[PDB]
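Chain by chain, the residues:
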Amino acid sequence: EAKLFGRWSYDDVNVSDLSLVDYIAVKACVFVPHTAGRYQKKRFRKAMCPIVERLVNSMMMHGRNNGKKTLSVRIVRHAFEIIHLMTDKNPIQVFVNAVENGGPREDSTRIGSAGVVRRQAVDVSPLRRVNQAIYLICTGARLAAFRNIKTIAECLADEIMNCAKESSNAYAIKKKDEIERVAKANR
Amino acid sequence: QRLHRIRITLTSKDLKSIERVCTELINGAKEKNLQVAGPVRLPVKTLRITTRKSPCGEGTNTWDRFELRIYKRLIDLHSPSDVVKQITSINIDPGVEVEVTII
Amino acid sequence: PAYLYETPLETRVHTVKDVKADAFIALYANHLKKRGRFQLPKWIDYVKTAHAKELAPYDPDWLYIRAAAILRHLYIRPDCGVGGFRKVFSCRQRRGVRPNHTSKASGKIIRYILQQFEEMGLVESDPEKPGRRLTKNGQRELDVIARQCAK
Amino acid sequence: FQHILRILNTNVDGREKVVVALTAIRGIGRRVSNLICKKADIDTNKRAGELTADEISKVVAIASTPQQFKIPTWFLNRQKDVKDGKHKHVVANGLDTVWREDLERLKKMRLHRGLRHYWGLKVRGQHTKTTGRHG
Amino acid sequence: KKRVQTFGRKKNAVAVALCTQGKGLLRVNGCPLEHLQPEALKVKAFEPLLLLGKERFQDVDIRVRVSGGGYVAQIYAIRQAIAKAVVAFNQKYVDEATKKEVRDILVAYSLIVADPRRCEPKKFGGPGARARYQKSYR
Amino acid sequence: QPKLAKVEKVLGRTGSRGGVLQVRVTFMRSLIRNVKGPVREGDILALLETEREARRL
Amino acid sequence: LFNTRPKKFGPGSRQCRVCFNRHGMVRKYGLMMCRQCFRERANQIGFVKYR
Amino acid sequence: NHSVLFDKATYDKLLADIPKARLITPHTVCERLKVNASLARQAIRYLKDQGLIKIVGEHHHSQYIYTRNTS
RNA sequence: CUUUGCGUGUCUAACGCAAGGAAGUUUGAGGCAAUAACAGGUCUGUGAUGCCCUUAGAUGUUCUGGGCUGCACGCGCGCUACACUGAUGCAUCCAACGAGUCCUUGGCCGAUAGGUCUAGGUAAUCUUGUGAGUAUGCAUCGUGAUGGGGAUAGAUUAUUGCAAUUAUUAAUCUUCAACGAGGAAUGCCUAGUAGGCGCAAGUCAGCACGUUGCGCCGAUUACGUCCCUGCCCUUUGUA
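Residues numbered from 1 in each chain as written, not as in the entry; some residues may be left out. Chains lettered and ligands numbered in written order. Part of a larger assembly, values for the part shown. Heavy atoms only, no water.

Asker: Hey, could you run me through unusual backbone geometry in this one?
Answerer: Trans peptide bonds make up most of the peptide bonds, and negative phi angles are found at most residues other than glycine. Each neighbour pair has its own omega, and for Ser125 of chain C with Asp126 of chain C the value is 5°, a cis peptide bond. As for its placement among the helices and strands, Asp126 of chain C is situated in the loop between β3 (123-124) and β4 (133-134). That bond from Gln37 of chain E to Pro38 of chain E is cis: its omega, 5°, falls within 30 degrees of zero. The topology assignment puts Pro38 of chain E in the loop between β3 (26-28) and α1 (42-45). At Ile65 of chain H, a position not held by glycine, the phi torsion is positive, near 65°. By secondary structure assignment, the location of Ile65 of chain H is in the loop between β2 (54-55) and β3 (66-67). (Helix = DSSP H or I, 4+ residues; strand = E, 2+ residues; numbered from the N terminus.)

What follows is the structure, encoded as structure tokens:
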């Protein structure tokens with residue numbers, strides 16, 4: 001069985017692309033995004049959590065909004081309902097396809113060969129690309145609704161659908177290409 | 001004589017001082033074979049003071065964490081008061097406050 | 001996809017604890033008007049319900065819902081009084097520039113509603129025993145409308 | 001429909017609810033404006049851009065003489081007037097002139113408190129080494 | 001009569017779930033599980049019902065008595081105490097082979113274990129436990 | 001565009017601050033590359049440049 | 001007449017028995033001990049610090 | 001920026017306007033319209049009771065979120 | 001016991017990973033703390049003290065009153081903020097550390113503070129199961145410096161004290177500023193931890209925006225490194 005909010009089934013659906021596979025934790029699965037459990041003793045317990053839990057967990061910011069997971073459960077429960085409303089299929093399959101495309105491919109590290117702070121082209125790991133994906137999803141949605149009288153759930157639902165899409169309107173998909181602008185040049 | 005009920009309080013700072021008394025006075029009762037219940041160990045009232053270590057303000061503001069501990073323990077009996085005076089009066093301990101009470 | 005799950009048996013509707021507590025107050029507030037008995041204060045224009053609160057309540061039936069809530073709360077904890085009911089409707093006062101603290105509820109309004117229940121005789125002393133309690137007629141007033149609201 | 005308004009020689013705005021619109025009048029605030037709205041029998045659901053001639057006429061009467069409609073005295077701004085010696089409600093540009101009287105009273109009397117208004121320092125006894133600096 | 005009683009522990013919460021033979025009613029203090037706000041976590045309490053099934057629990061009843069902790073910690077105590085009850089209900093009366101099924105399907109899904117994370121004490125020269133205040137320099 | 005490659009073994013850890021990490025990959029062939037985040041053996045990752053081999057160390 | 005105000009309350013009322021000093025007066029459990037005085041004699045009273 | 005009353009020109013349109021749209025929220029009324037969010041709540045509460053539209057979920061006290069009825 | 005399995009090592013000392021287990025970083029967190037010192041700080045913690053000062057027209061002592069709070073302006077620790085994951089009004093129901101010869105239930109009066117008449121408590125017994133607040137549910141508000149923000153200011157009612165003015169606080173009504181995420185610099189921190197949210201104790205007649213403990217809600221990101229800032233041990237150079 002196992003369904004999120006009881007209205008969705010973990011069973012069925014699929015990972016979008018090779019890589020970022022097995023790093024993601026689907027398959028089995030827990031109704032309700034939330035789980036208080038030990039995930040930070042080893043350094044790859046972080047990709048045992050299902051990514052809906054990692055969304056609600058990292059959705060609390062900044063100092064003022066931290067904690068209150070029960071609050072972040074609600075606004076994600078509304079967000080998955082809205083995703084369903086447009087281009088209806090599976091909120092999870094749209095969300096999994098979003099965090100596939102969300103994070104950056106390559107990155108600029110500072111290796112100078114002694115003396116200088118000089119940039120150099122380095123590809124990103126599969127774990128960090130999932131870490132950066134869910135971070136960049138939220139920081140678009142939070143900044144989008146920070147001053148506007150638009151509910152955060154609306155921003156999150158909108159941000160996720162956009163990320164799956166190639167519109168580039170999103171903050172996340174821009175900040176992918178903003179890094180890949182400089183990462184091309186640092187080759 | 002008459003059917004009475006006695007419940008004797010014990011208090012001290014040390015654990016080791018009372019564990020003499022709890023073992024001794026129950027065996028002192030079992031000379032005469034009175035209706036003993038075992039020693040009821042109450043929760044420990046830990047007293048606490050935290051002062052600064054330094055006399056003046058200088059250096060990092062470091063602190064002591066001083067503690068006392070107090071151990072209320074209760075030997076239960078059902079026996080008249082003339083019988084118990086032999087048991088308590090012999091085997092008094094150094095620095096252990098003890099008070100016998102009917103009911 | 002509809003919502004899953006039940007309990008094994010269909011839940012018994014008899015006592016007041018089986019009723020959801022907010023939905024109880026929605027019914028019994030309306031019962032106080034349509035019956036008529038309970039009677040109004042003079043001061044209703046003023047108040048706000050607490051020293052801590054900085055504004056008066058919006059809903060004009062704030063007294064009936066409070067008298068509805070306090071009467072069921074006697075069933076939850078039998079023994080309680082006025083300083084008890086000051087704690088249960090406590091709240092975060094905002095001190096100003098300073099950090100926040102707790103504060104106790106209003107003593108006039110919480111005492112008065114109990115005296116109106118004493119006049120009918122649903123909640124009563126207890127003159128020697130410290131704290132108010134609901135009587136026999138108090139329970140049957142509650143438990144008859146517990147079955148009605150779920151129906 | 002009426003955009004913009006004026007009650008008691010002070011400009012009340014439209015596009016605001018009737019309770020909060022009345023706080024734009026000087027010497028009125030949030031808790032008393034509810035008692036004005038409740039005892040004038042105005043619906044709080046209505047908007048301050050409307051306000052018929054019956055509604056404003058009641059508010060001016062209550063604002064002038066709130067002792068008539070059983071407001072029990074602790075709600076009033078200048079409670080015990082210290083001139084005629086009664087429970088008094090000061091509204092609008094009366095409150096400007098009353099503040100001009102009460103400060104210039106204390107300058108003639110020559111209190112310490114009056115000299116703080118004269119120099120324009122902090123009055124209430126606050127540590128002005130560091131705070132209230134810029135001026 | 002058939003009786004077992006069991007406890008769970010999240011943090012400083014504790015929840016003694018007595019259970020007996022009966023009709024099929026699961027109750028906290030004297031509510032239904034249908035209440036238990038926050039409501040969002042209401043689904044969380046029903047977790048051992050969904051995994052094991054309805055038709056096991058209808059032979060028994062459970063009555064839980066809870067204190068300590070907070071809002072969320074009280075749910076996790078009840079979560080454990082219901083799951084620990086029906087596992088421990090076998091040992092006394094019902095066949096001992098079916099314990100290995102009903103326990104290990106829940107373990108395949110810390111419902112009996114209880115995670116011992118407790119609050120580390122504060123130390124001097126700082127606001128939090130490990131956090132410190134601020135160094136000034138010049 | 002991007003073409004996938006499987007990790008044989010972590011080689012060391014590279015750079016001044018030690019954050020970037022050096023890996024032998026195998027296409028899906030072998031060459032040495034640098035990678036950012038947490039990586040272990042039995043792992044697969046995308047590369048835009050199939051060429052461009054990192055210095056041995 | 002002279003040599004006495006009302007001396008009932010506040011730090012001027014009371015002093016350290018051991019050293020006659022008002023400042024840093026530990027009055028928990030009725031010690032009446034100035035802190036410089038209290039810390040060095042704390043083991044002899046009963047107080048033993050741990051954790 | 002926004003208009004506070006019903007605007008009884010647009011009330012005749014507002015029967016037609018909102019059941020067209022796929023999303024029905026607080027925001028989508030003042031998207032189509034240029035009025036404060038508050039009217040939108042009493043609009044979609046009116047369109048529950050009188051008119052067509054239906055809840056996506058039974059309810060919530062913060063984010064409403066209706067669909068078009070499709071009938 | 002790092003027990004068992006497989007790797008890693010002159011397979012010696014011991015590491016890594018997986019399974020099992022309440023727990024496998026020495027299981028987590030503290031107390032205790034060497035030899036050398038530094039012209040560190042404290043004669044204002046002391047009946048710990050040498051020397052000097054002054055000793056009745058006093059630097060002893062003590063009484064009335066003021067001052068340490070005085071403001072063109074710099075610097076350091078904190079608190080509340082800028083909102084809609086929100087503010088406000090109603091309802092729902094959950095903690096642990098204390099602490100009292102003062103802590104306060106119960107009943108009447110009062111919008112409030114608070115008062116008044118009884119009443120339990122030398123305390124696992126009474127206050128107290130301290131019905132704590134972030135939280136949850138249902139309403140109104142609508143992006144406006146607005147109901148976010150509560151400084152600044154007038155007027156009134158109680159409380160502690162022998163005395164409240166430079167206002168000790170707590171209330172009730174008003175008064176409605178700056179501030180739209182903070183320039184250069186730079187602090188703290190690796191799991192029940194950060195951060196947020198309260199509570200209790202210490203000083204206390206009265207006063208916490210402070211410190212010391214206590215729980216509750218509970219994340220993100222490392223599991224490496226010697227680039228910056230310091231540290232320890234070798235070889236090396238020194239005027």
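After presenting the structure, the write-up continues.
Asker: What is the right way to look at the pattern of salt bridges in this model?
Answerer: Oppositely charged side chains can pair when the atoms bearing their charge come close. Within the structure shown, the criterion is met by 28 salt bridges over all chains. Note that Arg103 of chain E and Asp104 of chain E form a salt bridge whose closest N and O atoms lie 3.0 Å from each other. The class of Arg103 of chain E is partly exposed, set by a relative accessible area of 31%. The partner of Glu31 of chain H in a salt bridge is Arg32 of chain H, and the shortest N-O contact between them spans 2.0 Å. Here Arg32 of chain H falls in the partly exposed class, since its relative accessible area comes to 36%. When salt bridges that share partners are traced, they join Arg78, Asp81, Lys88 and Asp102 of chain D into one network. (Salt bridge = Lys/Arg side-chain N within 4 Å of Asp/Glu carboxyl O. Buried < 20%, exposed > 50% of the residue type's maximum accessible area, 1.4 Å probe, protein only.)

Asker: Looking at this structure, I do not really get the interface of chain E and chain A. What am I missing?
Answerer: Put simply, an interface is often sized by how much accessible area is lost when its parts join up. Chain E puts 12 residues into the contact, and the matching count from chain A is 11 residues. Of the roughly 1,000 Å² buried where chain E meets chain A, counting both sides, 57% is carbon and sulfur surface. Of all residues in chain E, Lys44, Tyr109 and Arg117 of chain E bury the most surface against chain A, accounting for 40% of the area lost on that side. When its residues are assigned to classes, the side of chain E that touches chain A shows eight nonpolar, no polar and four charged. (Contact = heavy atoms within 4.5 Å. Buried area = accessible area lost by both parts, 1.4 Å probe. Nonpolar A, V, L, I, M, F, W, Y, C, P; charged D, E, K, R; others polar.)

Asker: I'm lost on the protein's contact with RNA strand I in this one. Help?
Answerer: Around RNA strand I lies a shell of 198 residues, among which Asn57, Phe146 and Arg147 of chain A, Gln37 of chain E together with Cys19 of chain G are the nearest. When the atoms of RNA strand I within 4 Å of the protein are sorted by group, sugar and phosphate make up 71%. At 2.7 Å from a sugar or linking oxygen of RNA strand I is found a side-chain nitrogen or oxygen belonging to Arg64 of chain A. In this structure, a phosphate oxygen belonging to RNA strand I sits 3.1 Å away from a side-chain N or O atom of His112 of chain D. The greatest single-element share of the surface near RNA strand I, amounting to six residues, is contributed by helix α3 (residues 82-88) of chain C. Grouping the amino acids of the surface near RNA strand I by side-chain chemistry returns 61 nonpolar, 68 polar and 69 charged. (Near = heavy atom within 4 Å. Polar contact = N/O pair within 3.5 Å; in protein donor to acceptor, adjacent residues only side chain to side chain.)

Asker: Please explain the state of the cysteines as it appears in this structure.
Answerer: Among covalent bonds in proteins, the disulfide is the one between the sulfur atoms of two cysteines. Inspection of every chain in the model, using the stated rule, returns two disulfides over all chains. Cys34 of chain G shares a disulfide with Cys37 of chain G; S-S distance 2.1 Å. One disulfide, between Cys34 of chain G and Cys37 of chain G, carries an S-S torsion of -90° and so falls in the left-handed class. Here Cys34 of chain G falls in the buried class, since its relative accessible area comes to 3%. Looking at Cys91 of chain C, it has no disulfide partner, and the nearest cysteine sulfur is the one in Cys80 of chain C, 19 Å off. Free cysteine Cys149 of chain C: the closest other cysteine sulfur is in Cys31 of chain E, separated by 14 Å. We classify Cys149 of chain C as partly exposed; its relative accessible area is 27%. (Disulfide = S-S within 2.5 Å.)

Asker: Hey, could you run me through the sheet that holds strand β6 (residues 97-99) of chain B in this one?
Answerer: Whether parallel or antiparallel, the strands of a sheet pair through hydrogen bonds between backbone atoms. Residue and element names in this part refer to chain B. Spatial ordering of the open sheet is given by β2-β5-β1-β6, a layout of four strands whose pairing is antiparallel. Looking at which strands have only one partner, the edges of the open sheet turn out to be β2 (37-41) and β6. Between one strand axis and the next, the sheet turns through 20° on average, direction left out of account. One ladder, built from three bridges, connects strand β1 (residues 6-11) with β6; its direction is antiparallel. The partner of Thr11 across the bridge, within β6, is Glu97. Docked against the sheet, helix α1 (residues 16-32) engages β1, β2 and β5 (73-77), running at close to 0° with respect to β5. (Pairing = 2+ DSSP bridges. Axes fitted to C-alpha atoms, helices over the stretch in contact; angles between N-to-C directions.)

Asker: Would you mind showing me how to read a nonpolar patch on the surface here?
Answerer: A cluster of nonpolar side chains, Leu115, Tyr118, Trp119 and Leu121 of chain D, forms an exposed patch at the surface whose accessible area comes to about 480 Å². For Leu121 of chain D, the location among the structural elements is in the segment after α5 (112-119). (Patch = residues over 30% accessible without salt bridge, like charges linked within 9 Å, V, L, I, M, F, W, Y side chains within 5 Å. Areas by Shrake-Rupley, 256 points an atom, 1.4 Å probe, with all protein chains shown as cover.)

Asker: Which parts of the structure should I look at to understand the packing of α1 of chain B against helix α2 (residues 81-89) of chain B?
Answerer: To characterise two packed helices, one gives the angle between the axes of the helices and the distance between these axes. Residues and elements named next belong to chain B. At their nearest, the axes of α1 and α2 sit 10 Å apart, and the two run at 135° to each other. With respect to their mutual orientation, α1 and α2 come out oblique. The element α1 and its partner α2 pack so that their crossing is right-handed. Residues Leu25, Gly28, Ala29 and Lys32 of α1 form the contact with α2, whose own contacting residues are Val83, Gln86 and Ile87. Considering only residue class, the contact of α1 with α2 consists of four nonpolar, two polar and one charged. (Parallel < 35°, antiparallel > 145°, perpendicular 65-115°, else oblique. Left-handed = near helix turned anticlockwise from the far one by under 90°.)

Asker: I'm lost on the interface of chain F and chain A in this one. Help?
Answerer: Residue-level contacts link 22 residues of chain F with 23 residues of chain A. Taking both sides of the interface into account, the surface hidden between chain F and chain A amounts to around 2,200 Å²; carbon and sulfur atoms contribute 57%. Of all residues in chain F, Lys36, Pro38 and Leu48 of chain F give up the largest surface area on contact with chain A, accounting jointly for 29% of the area buried on that side. At the junction of chain F and chain A, the tally comes to three salt bridges.

Asker: Quick question: what am I supposed to make of the arrangement of the chains here?
Answerer: Ranking the 11 pairs of chains in contact by number of contacts places chains A and F first. Considering only C-alpha positions, the minimal separation of the non-contacting chain F and chain H is 36 Å.

Asker: Would you take a moment to explain helix α6 (residues 171-185) of chain A for this structure?
Answerer: Residues spaced three or four apart along an α-helix face the same direction, because each turn holds 3.6 residues. Residues and elements named next belong to chain A. Its 15 residues give α6 an end-to-end C-alpha distance of 22 Å, which sits within 8% of 21 Å, the value for a rise of 1.5 Å per residue. Restricting attention to buried positions, one finds in α6 the residues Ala172, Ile173, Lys176, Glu180 and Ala183. One side of α6 carries all its buried residues, which in axial view fall inside an arc of 95°. Projecting away from the buried face of α6 at angles above 90 degrees are the exposed residues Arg181 and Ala185. Taken together, the buried residues of α6 touch α3 (91-102), β1 (106-110), β2 (119-123), α4 (126-144) and α5 (152-164). (Expected span 1.5 Å × (residues − 1). Arc of directions from axis to C-beta.)

Asker: How do you make sense of the pairing of β5 of chain B when you look at a structure like this?
Answerer: Along any regular strand, the residues point their side chains to alternate faces of the sheet. Residues and elements named next belong to chain B. A large share of β5 lies buried, amounting to four of its five residues. Sheet topology note: the β2/β5 ladder contains three bridges and is antiparallel. Counterpart to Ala37 in the pairing with β5 is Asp76.

Asker: Quick question: what am I supposed to make of helix α4 (residues 72-92) of chain E here?
Answerer: With 21 residues, α4 of chain E extends 32 Å between its outermost C-alpha atoms, agreeing within 8% with the 30 Å of an ideal straight helix rising 1.5 Å per residue. The buried count for α4 of chain E comes to 16 of 21 residues, which makes it a mostly enclosed element.

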